[PDB]
$ cat my_file_26.cif   # mmCIF, C-alpha atoms
data_coords
#
loop_
_atom_site.label_atom_id
_atom_site.label_comp_id
_atom_site.auth_asym_id
_atom_site.auth_seq_id
_atom_site.Cartn_x
_atom_site.Cartn_y
_atom_site.Cartn_z
CA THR A 29 4.47 22.36 12.24
CA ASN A 30 3.46 18.93 10.92
CA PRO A 31 5.00 16.44 13.38
CA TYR A 32 4.73 13.53 10.90
CA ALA A 33 6.60 15.16 8.00
CA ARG A 34 9.82 13.30 7.17
CA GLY A 35 12.51 13.59 4.55
CA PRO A 36 13.48 16.16 1.93
CA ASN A 37 10.84 18.09 0.04
CA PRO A 38 9.65 15.84 -2.80
CA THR A 39 10.20 16.23 -6.51
CA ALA A 40 8.85 14.16 -9.39
CA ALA A 41 12.38 12.88 -10.03
CA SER A 42 12.92 11.72 -6.45
CA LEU A 43 9.49 10.05 -6.33
CA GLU A 44 10.06 8.34 -9.70
CA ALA A 45 13.53 6.96 -8.87
CA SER A 46 14.07 3.33 -7.92
CA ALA A 47 14.79 4.41 -4.34
CA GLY A 48 14.18 7.51 -2.25
CA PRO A 49 16.45 9.44 0.11
CA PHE A 50 16.62 7.04 3.08
CA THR A 51 18.87 3.99 3.30
CA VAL A 52 16.90 0.77 3.80
CA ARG A 53 17.73 -2.26 5.93
CA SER A 54 15.65 -5.40 6.30
CA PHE A 55 15.22 -8.55 8.37
CA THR A 56 13.10 -11.69 8.37
CA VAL A 57 10.61 -11.96 11.23
CA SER A 58 11.91 -14.67 13.56
CA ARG A 59 8.60 -16.02 14.92
CA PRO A 60 5.74 -14.73 12.74
CA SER A 61 2.50 -14.61 14.73
CA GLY A 62 -0.78 -15.05 12.88
CA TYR A 63 0.67 -15.32 9.36
CA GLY A 64 3.12 -17.43 7.40
CA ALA A 65 6.30 -15.37 7.09
CA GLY A 66 7.37 -11.74 7.03
CA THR A 67 10.11 -9.42 5.82
CA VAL A 68 10.39 -6.01 7.49
CA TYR A 69 11.88 -3.06 5.61
CA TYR A 70 12.77 0.09 7.53
CA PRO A 71 14.68 3.35 6.99
CA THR A 72 17.83 4.39 8.82
CA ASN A 73 17.61 7.77 10.58
CA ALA A 74 14.32 9.02 9.14
CA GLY A 75 14.21 11.88 11.66
CA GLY A 76 11.33 10.51 13.73
CA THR A 77 8.88 7.68 14.11
CA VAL A 78 7.15 6.63 10.90
CA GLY A 79 3.99 4.79 9.94
CA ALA A 80 3.78 1.08 9.16
CA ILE A 81 2.39 -0.61 6.04
CA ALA A 82 1.50 -4.31 5.67
CA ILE A 83 1.41 -5.79 2.15
CA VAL A 84 -0.15 -9.14 1.21
CA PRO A 85 0.18 -11.16 -2.04
CA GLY A 86 -2.58 -12.94 -3.95
CA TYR A 87 -3.90 -16.46 -4.39
CA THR A 88 -1.04 -18.96 -4.98
CA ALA A 89 1.48 -16.09 -4.67
CA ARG A 90 4.28 -15.20 -2.27
CA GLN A 91 6.30 -12.17 -1.11
CA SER A 92 8.24 -11.98 -4.39
CA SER A 93 5.15 -10.72 -6.24
CA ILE A 94 4.90 -7.64 -3.99
CA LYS A 95 8.43 -7.39 -2.59
CA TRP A 96 9.42 -4.33 -4.65
CA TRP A 97 7.11 -2.14 -2.55
CA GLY A 98 9.18 -2.84 0.57
CA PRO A 99 12.41 -1.03 -0.33
CA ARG A 100 10.56 1.57 -2.42
CA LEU A 101 8.25 2.71 0.38
CA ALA A 102 10.83 2.28 3.15
CA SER A 103 13.32 4.52 1.33
CA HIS A 104 10.79 7.37 1.65
CA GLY A 105 10.09 6.96 5.38
CA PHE A 106 7.94 3.94 6.24
CA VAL A 107 8.29 0.61 8.00
CA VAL A 108 6.98 -2.04 5.61
CA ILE A 109 6.21 -5.70 6.29
CA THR A 110 5.62 -8.00 3.32
CA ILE A 111 4.05 -11.29 4.33
CA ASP A 112 3.46 -14.81 3.16
CA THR A 113 0.09 -16.19 4.18
CA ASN A 114 -0.32 -19.38 6.22
CA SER A 115 -1.41 -21.07 2.99
CA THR A 116 -1.12 -19.67 -0.52
CA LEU A 117 -4.79 -20.64 -0.96
CA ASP A 118 -6.14 -18.39 1.82
CA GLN A 119 -9.20 -16.29 0.99
CA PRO A 120 -9.46 -12.47 1.21
CA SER A 121 -11.03 -12.47 4.68
CA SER A 122 -8.23 -14.70 5.99
CA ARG A 123 -5.71 -12.47 4.21
CA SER A 124 -7.14 -9.44 6.02
CA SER A 125 -6.82 -11.17 9.41
CA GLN A 126 -3.19 -12.06 8.69
CA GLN A 127 -2.50 -8.56 7.34
CA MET A 128 -3.70 -6.98 10.59
CA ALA A 129 -1.83 -9.65 12.55
CA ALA A 130 1.35 -8.57 10.77
CA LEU A 131 0.74 -4.92 11.70
CA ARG A 132 0.25 -5.96 15.33
CA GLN A 133 3.60 -7.77 15.31
CA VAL A 134 5.26 -4.66 13.86
CA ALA A 135 3.72 -2.71 16.74
CA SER A 136 5.08 -5.23 19.24
CA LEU A 137 8.50 -5.26 17.56
CA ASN A 138 8.52 -1.47 18.00
CA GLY A 139 8.38 -2.19 21.74
CA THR A 140 11.04 -4.92 21.63
CA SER A 141 14.53 -3.67 22.48
CA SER A 142 16.18 -6.46 20.46
CA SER A 143 14.36 -5.55 17.23
CA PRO A 144 15.96 -3.32 14.57
CA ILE A 145 12.71 -1.31 14.48
CA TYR A 146 12.68 -0.62 18.25
CA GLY A 147 11.27 2.87 18.75
CA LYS A 148 11.03 3.56 15.01
CA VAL A 149 7.26 3.17 14.50
CA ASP A 150 4.29 5.42 15.24
CA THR A 151 1.89 2.52 15.80
CA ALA A 152 -1.10 4.90 15.65
CA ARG A 153 -0.57 5.38 11.88
CA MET A 154 -0.80 2.27 9.69
CA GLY A 155 -1.69 1.36 6.13
CA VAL A 156 -2.60 -1.68 4.07
CA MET A 157 -1.64 -2.77 0.55
CA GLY A 158 -1.88 -5.99 -1.42
CA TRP A 159 -2.41 -7.75 -4.73
CA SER A 160 -5.54 -9.54 -6.01
CA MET A 161 -6.99 -11.52 -3.06
CA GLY A 162 -4.55 -9.54 -0.93
CA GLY A 163 -5.98 -6.34 -2.36
CA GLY A 164 -9.44 -7.56 -1.49
CA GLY A 165 -8.10 -8.35 1.96
CA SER A 166 -6.75 -4.81 2.22
CA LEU A 167 -10.20 -3.42 1.45
CA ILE A 168 -11.68 -5.71 4.11
CA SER A 169 -9.02 -4.52 6.56
CA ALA A 170 -9.94 -0.90 5.81
CA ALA A 171 -13.66 -1.57 6.23
CA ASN A 172 -13.14 -3.43 9.52
CA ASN A 173 -10.54 -0.98 10.92
CA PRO A 174 -11.27 2.71 10.22
CA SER A 175 -8.31 3.29 12.54
CA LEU A 176 -6.10 2.72 9.48
CA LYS A 177 -4.83 5.84 7.74
CA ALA A 178 -4.45 4.72 4.10
CA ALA A 179 -5.02 1.84 1.70
CA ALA A 180 -3.54 1.18 -1.76
CA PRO A 181 -4.52 -2.24 -3.12
CA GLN A 182 -3.62 -3.35 -6.64
CA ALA A 183 -5.88 -5.37 -8.98
CA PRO A 184 -8.14 -6.17 -6.01
CA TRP A 185 -10.61 -9.04 -5.99
CA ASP A 186 -13.20 -10.14 -3.46
CA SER A 187 -16.50 -12.01 -3.54
CA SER A 188 -18.25 -8.69 -2.85
CA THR A 189 -17.70 -5.37 -4.60
CA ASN A 190 -19.55 -3.34 -1.93
CA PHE A 191 -17.10 -1.43 0.27
CA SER A 192 -19.34 1.59 0.82
CA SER A 193 -18.53 1.73 4.55
CA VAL A 194 -14.82 2.44 3.97
CA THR A 195 -13.71 5.80 5.38
CA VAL A 196 -9.98 5.10 4.93
CA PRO A 197 -8.36 7.01 2.02
CA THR A 198 -8.12 4.36 -0.68
CA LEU A 199 -6.07 4.33 -3.89
CA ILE A 200 -6.96 1.48 -6.26
CA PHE A 201 -4.37 0.38 -8.79
CA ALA A 202 -6.15 -1.32 -11.69
CA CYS A 203 -4.84 -3.13 -14.77
CA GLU A 204 -6.70 -2.38 -17.99
CA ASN A 205 -6.66 -5.83 -19.61
CA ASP A 206 -7.01 -7.81 -16.36
CA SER A 207 -8.61 -11.17 -17.19
CA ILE A 208 -8.39 -12.62 -13.65
CA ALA A 209 -10.02 -9.78 -11.69
CA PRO A 210 -11.59 -7.83 -14.56
CA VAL A 211 -11.88 -4.11 -13.93
CA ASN A 212 -15.56 -3.95 -14.91
CA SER A 213 -16.51 -6.58 -12.31
CA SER A 214 -13.92 -5.83 -9.60
CA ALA A 215 -11.78 -2.70 -9.31
CA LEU A 216 -14.22 -0.21 -10.84
CA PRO A 217 -17.34 -1.46 -8.98
CA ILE A 218 -15.26 -1.38 -5.78
CA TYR A 219 -14.13 2.18 -6.51
CA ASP A 220 -17.67 3.32 -7.31
CA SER A 221 -19.00 1.76 -4.10
CA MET A 222 -16.97 4.10 -1.84
CA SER A 223 -18.64 7.47 -1.22
CA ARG A 224 -17.40 8.18 2.33
CA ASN A 225 -13.66 8.68 1.75
CA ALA A 226 -10.91 10.21 -0.30
CA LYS A 227 -10.35 7.80 -3.16
CA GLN A 228 -8.46 7.39 -6.42
CA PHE A 229 -8.73 4.97 -9.35
CA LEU A 230 -5.60 4.55 -11.49
CA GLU A 231 -5.88 2.08 -14.37
CA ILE A 232 -2.62 1.01 -16.03
CA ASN A 233 -2.84 1.03 -19.83
CA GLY A 234 -2.60 -2.46 -21.31
CA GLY A 235 -1.83 -3.97 -17.92
CA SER A 236 -2.36 -7.63 -17.09
CA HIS A 237 -3.36 -8.84 -13.62
CA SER A 238 0.27 -8.51 -12.45
CA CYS A 239 0.75 -4.95 -13.75
CA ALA A 240 1.72 -3.51 -10.33
CA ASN A 241 3.87 -6.44 -9.18
CA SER A 242 7.64 -6.71 -8.79
CA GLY A 243 9.41 -6.27 -12.11
CA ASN A 244 6.59 -4.30 -13.74
CA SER A 245 7.32 -1.74 -16.45
CA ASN A 246 5.65 1.25 -14.73
CA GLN A 247 7.54 1.37 -11.43
CA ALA A 248 8.35 5.08 -11.79
CA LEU A 249 4.68 6.10 -11.96
CA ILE A 250 3.21 3.39 -9.72
CA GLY A 251 5.94 3.89 -7.12
CA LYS A 252 5.44 7.66 -7.16
CA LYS A 253 1.68 7.32 -6.68
CA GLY A 254 2.01 4.72 -3.92
CA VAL A 255 4.48 6.79 -1.90
CA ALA A 256 2.60 10.04 -2.52
CA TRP A 257 -0.70 8.54 -1.35
CA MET A 258 0.83 7.07 1.80
CA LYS A 259 2.65 10.33 2.53
CA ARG A 260 -0.45 12.47 2.03
CA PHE A 261 -2.76 10.39 4.21
CA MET A 262 -0.60 8.47 6.69
CA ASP A 263 1.61 11.52 7.37
CA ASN A 264 -1.02 14.21 6.61
CA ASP A 265 1.81 15.67 4.51
CA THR A 266 0.38 18.40 2.28
CA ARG A 267 3.69 18.59 0.40
CA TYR A 268 2.36 15.46 -1.34
CA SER A 269 -1.19 16.73 -1.93
CA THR A 270 -0.53 17.43 -5.61
CA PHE A 271 1.40 14.21 -6.25
CA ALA A 272 -1.31 12.15 -4.54
CA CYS A 273 -4.41 13.76 -6.10
CA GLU A 274 -3.25 14.78 -9.59
CA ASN A 275 -4.09 13.15 -12.88
CA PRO A 276 -0.68 11.89 -14.09
CA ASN A 277 -1.70 12.87 -17.65
CA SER A 278 0.37 9.95 -18.92
CA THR A 279 -0.08 7.55 -21.82
CA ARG A 280 0.76 4.82 -19.28
CA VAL A 281 -2.71 5.39 -17.73
CA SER A 282 -5.89 4.30 -19.52
CA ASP A 283 -8.32 5.56 -16.86
CA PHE A 284 -7.90 8.00 -13.97
CA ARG A 285 -10.58 8.97 -11.45
CA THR A 286 -10.46 10.62 -8.04
CA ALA A 287 -12.83 12.06 -5.45
CA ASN A 288 -12.41 14.10 -2.26
CA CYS A 289 -8.74 14.62 -3.21
CA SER A 290 -7.95 18.33 -3.43
CA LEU A 291 -4.64 19.65 -4.73
#

$ encode --input "my_file_26.cif" --output "structure tokens"
Amino acid sequence: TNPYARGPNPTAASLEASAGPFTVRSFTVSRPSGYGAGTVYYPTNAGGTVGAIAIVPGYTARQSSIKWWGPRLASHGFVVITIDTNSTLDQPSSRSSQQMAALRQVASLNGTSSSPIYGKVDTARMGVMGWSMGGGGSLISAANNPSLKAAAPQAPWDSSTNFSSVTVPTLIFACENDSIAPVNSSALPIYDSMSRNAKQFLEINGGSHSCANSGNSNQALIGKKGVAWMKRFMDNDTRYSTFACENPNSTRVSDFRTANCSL
């Protein structure tokens, strides 16, 4: 009945594995428009069009810091573009503009017969992710585009902590011992500011600012939560309602909060 449901019914084991059911291919965007560079990850034979997610790194950082999300999310039924910004020193608002620019190019590549993702994307269903200033940029993207279906920034930082206008379902990955974007002055005030959406706050125990980046030691849990959140809210897939809204009840988590997220 749900036209957006893709893939086998999920289990904890399949969501915690390094890769999901779908085989992933990838290509580099030939002529990136409105951002620095892009890598597109997409699944082969997902059984239908899938949503698109754009992921942005942080200040001084590049695709490598966030690249692990590409294959992980794509293997579960998403088209994912990881970008480099025009300059590694771009601010959150500029990161948001380039993040949305990347999503627009994915939409155009969906209508380009020469592109590997031709006809593979439901361009009405998109999501935003990112690290640090790119997580702040994801929150700005969500606030400026309620058309988006989900957001999952990690260790976000922005000049402001007020994102009360966000109606997009938003999962915040936080890192307990973050000394660059401290939780008490960034992630948690941002989480508490949002009262008009489904939201979740997941703090990684003992995590530094890079606790959700490529190579991190919690990829099973973080990857499960990222995919589950995107499945529940970009696909409206109630098979993932428990995975997306549950307290993991794990010693890997030092703080868990959620609101408007029923199981």

$ closest_atom_pairs --input "my_file_26.cif" --of "region 137-198 of chain A" --to "region 106-126 of chain A" --cutoff "8 Å" --atoms "only C-alpha atoms" --output "JSON lines"
{"residue": "A:149", "atom": "CA", "partner": "A:107", "partner_atom": "CA", "distance": 7.1}
{"residue": "A:161", "atom": "CA", "partner": "A:120", "partner_atom": "CA", "distance": 5.0}
{"residue": "A:162", "atom": "CA", "partner": "A:123", "partner_atom": "CA", "distance": 6.0}
{"residue": "A:163", "atom": "CA", "partner": "A:120", "partner_atom": "CA", "distance": 7.9}
{"residue": "A:164", "atom": "CA", "partner": "A:120", "partner_atom": "CA", "distance": 5.6}
{"residue": "A:165", "atom": "CA", "partner": "A:124", "partner_atom": "CA", "distance": 4.3}
{"residue": "A:166", "atom": "CA", "partner": "A:124", "partner_atom": "CA", "distance": 6.0}
{"residue": "A:168", "atom": "CA", "partner": "A:124", "partner_atom": "CA", "distance": 6.2}
{"residue": "A:169", "atom": "CA", "partner": "A:124", "partner_atom": "CA", "distance": 5.3}
{"residue": "A:186", "atom": "CA", "partner": "A:120", "partner_atom": "CA", "distance": 6.4}

$ closest_atom_pairs --input "my_file_26.cif" --of "region 29-134 of chain A" --to "region 229-249 of chain A" --cutoff "9 Å" --atoms "only C-alpha atoms" --output "CSV"
residue,atom,partner,partner_atom,distance
A:41,CA,A:248,CA,9.0
A:43,CA,A:248,CA,7.5
A:44,CA,A:248,CA,4.2
A:45,CA,A:248,CA,6.2
A:46,CA,A:248,CA,7.1
A:92,CA,A:242,CA,6.9
A:93,CA,A:241,CA,5.3
A:94,CA,A:241,CA,5.4
A:95,CA,A:242,CA,6.3
A:96,CA,A:242,CA,5.1
A:97,CA,A:242,CA,7.8

$ atom_distance --input "my_file_26.cif" --atom1 "CA of residue 54 (chain A)" --atom2 "CA of residue 138 (chain A)"
14.3 Å

$ closest_residue --input "my_file_26.cif" --among "A:290, A:262, A:222, A:82" --to "residue 275 (chain A)" --atoms "only C-alpha atoms"
A:290

$ closest_residue --input "my_file_26.cif" --among "A:223, A:198, A:51, A:91" --to "residue 257 (chain A)" --atoms "all atoms listed in the file"
A:198

$ residues_around --input "my_file_26.cif" --residues "residue 176 (chain A)" --least-positions-apart "6" --cutoff "7 Å" --atoms "all atoms listed in the file" --output "PyMOL selection string"
chain A and resi 153-155+170+196

$ residues_near_point --input "my_file_26.cif" --point "(16.7, 11.3, 0.9)" --cutoff "12 Å" --atoms "all atoms listed in the file" --output "list in words"
residues 34, 35, 36, 37, 38, 39, 41, 42, 43, 45, 47, 48, 49, 50, 51, 52, 71, 72, 73, 74, 75, 100, 102, 103, 104 and 105 of chain A
